[PDB]
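# Fold the stuff below for me.
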Amino acid sequence: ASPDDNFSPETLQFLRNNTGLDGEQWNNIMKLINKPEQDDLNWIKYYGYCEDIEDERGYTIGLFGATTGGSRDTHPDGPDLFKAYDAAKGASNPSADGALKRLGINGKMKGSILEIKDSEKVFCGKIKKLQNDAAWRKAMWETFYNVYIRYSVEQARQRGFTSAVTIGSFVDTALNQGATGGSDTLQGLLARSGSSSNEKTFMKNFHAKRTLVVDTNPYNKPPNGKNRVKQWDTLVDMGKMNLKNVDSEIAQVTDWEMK
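Numbers count the residues shown, from 1 in each chain. The structure is reproduced below:
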């Protein structure tokens, strides 16, 4: 059953073919990411995470902070998530609207935003029930991949780095600070991390550069940012780059208090 049951059969094939990492490696990566994001190592519960954070971004859904959209988020990734779910369920012309109809949700796409008419209780109640839906989990990971993982993996490959710690650390940075754009994104940090061909040296420099900006608003509340980066850097120091057979190390590096 193992960490494999935390994904789905097809999802594991997808992650393996596109990232080169297995179920155990991705499970460990998600534990490390979910600690600073939700202060909960039991990340599978978040497949059905749904909440209006009064963000003016609509509802936040799932594992990586996708929103349905609102005034402060006019290019939400939520529509893309629902479309991927409709495609996973077998639709020939997958769409966000099609997904909401399957789910019996009263809502629809208006521009690039999802307009939901159902109350939070009703809407999020339906999302919560998708926690063990294999097609939803696949859609969740396919979207996570298109939004953050593919870019992270490409940046690692471009430098000849393919370890689980490097990919996971890049992903945590992209998810938390953004993939591309400003000097504080994954793209920006990499531009100033040097050019070492030694993976350990590079990641040490990258982590040091990230520590300078990670506790800046709105990324994290200090010293949560310092602590999240320290998790990855500690694994590098211990030489646990492969993230396999590290259950004990993972319990130790995440053993810190949020806020």
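# Is the residue nearest the centre of the chain in a helix, a strand, or coil?
Nearest to the mean C-alpha position of the chain, counting by CA atoms, centre = their mean, stands residue 64 at 3.8 Å. Three-state secondary structure (criterion: DSSP: H, G, I helix; E, B strand; the rest coil) places residue 64 in coil.
# same question, residue 115
Taking three-state DSSP, the label given to residue 115 is strand.
# Pull the number of nearby residues for it.
Residue 115 has 14 neighbours, counted by other CB atoms under 10 Å. Just so you know, the C-beta spots here come from the backbone N, C-alpha and C atoms, and that holds for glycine as well.
# where's it relative to residue 105, distance?
Going from residue 115 to residue 105 by CB to CB, to the nearest Å gives 11 Å.
# Where does the closest residue to the residue nearest to the centre of the chain other than its chain neighbours fall, secondary structure wise?
Ranked by CB to CB, 6 or more residues apart in numbering and with sequence neighbours excluded, the top spatial neighbour of residue 64 is residue 144, at 5.1 Å. Assigned by DSSP states H and E, residue 144 belongs to helix 134-144.
# what do you get for residue 152?
Secondary structure (DSSP H and E) places residue 152 in helix 150-158.
# how about the strands of the stretch 1-150 of the chain, start to end?
50-51, 60-61, 66-67, 107-110, 113-116 (DSSP state E, counting those that start in this stretch).
# close enough to count as contact, residue 238 and residue 249?
Yes: if you go by CB atoms under 8 Å, residue 238 and residue 249 touch, sitting 6.5 Å apart.
# show me where the stretch 151-259 of the chain has helices.
164-177, 186-191, 199-213, 224-237, 247-253 (DSSP state H, counting those that start in this stretch).
# hey, C-alpha coordinates of the third one in PDB?
The one in question is helix 199-213. Only the C-alpha atoms of helix 199-213 are listed here, as PDB (Å, rounded to 0.1, in the frame of the first residue of the first chain):
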ATOM      1  CA  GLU A 199      24.900  19.800  -6.800                       C
ATOM      2  CA  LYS A 200      25.600  20.000  -3.100                       C
ATOM      3  CA  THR A 201      27.500  23.300  -3.400                       C
ATOM      4  CA  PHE A 202      24.900  24.800  -5.700                       C
ATOM      5  CA  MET A 203      22.000  23.900  -3.400                       C
ATOM      6  CA  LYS A 204      23.900  25.300  -0.400                       C
ATOM      7  CA  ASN A 205      24.300  28.600  -2.200                       C
ATOM      8  CA  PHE A 206      20.700  28.600  -3.500                       C
ATOM      9  CA  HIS A 207      19.400  28.000   0.000                       C
ATOM     10  CA  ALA A 208      21.500  30.800   1.400                       C
ATOM     11  CA  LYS A 209      20.100  33.200  -1.300                       C
ATOM     12  CA  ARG A 210      16.600  32.000  -0.600                       C
ATOM     13  CA  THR A 211      17.000  32.600   3.200                       C
ATOM     14  CA  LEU A 212      17.500  36.300   2.500                       C
ATOM     15  CA  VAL A 213      14.000  36.800   1.100                       C
END
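# and that helix, what does it pack onto?
helix 164-177, helix 186-191, helix 224-237 (3 or more CB pairs under 8 Å, 6 or more residues apart in numbering; DSSP states H and E).
# do the same with the first one
Here helix 164-177 is seen to pack against helix 23-38, helix 150-158, helix 186-191, helix 199-213, helix 224-237 when contacts are counted using 3+ CB pairs under 8 Å, 6+ apart.
# who wins for proximity to residue 12 among those helices?
Proximity to residue 12, assessed across the helices and strands packed on helix 164-177 by CB to CB, is greatest for helix 23-38 (5.4 Å).
# got the angle for that closest one vs helix 224-237?
Interaxial angle, helix 23-38 versus helix 224-237 (axes from the mean of the first three to the mean of the last three CA atoms, to 10 degrees): 160 degrees.
# From the chain's centroid, how far away is helix 23-38?
Between the centre of helix 23-38 and the centre of its chain there are 9 Å (CA atoms, centre = their mean, to the nearest Å).
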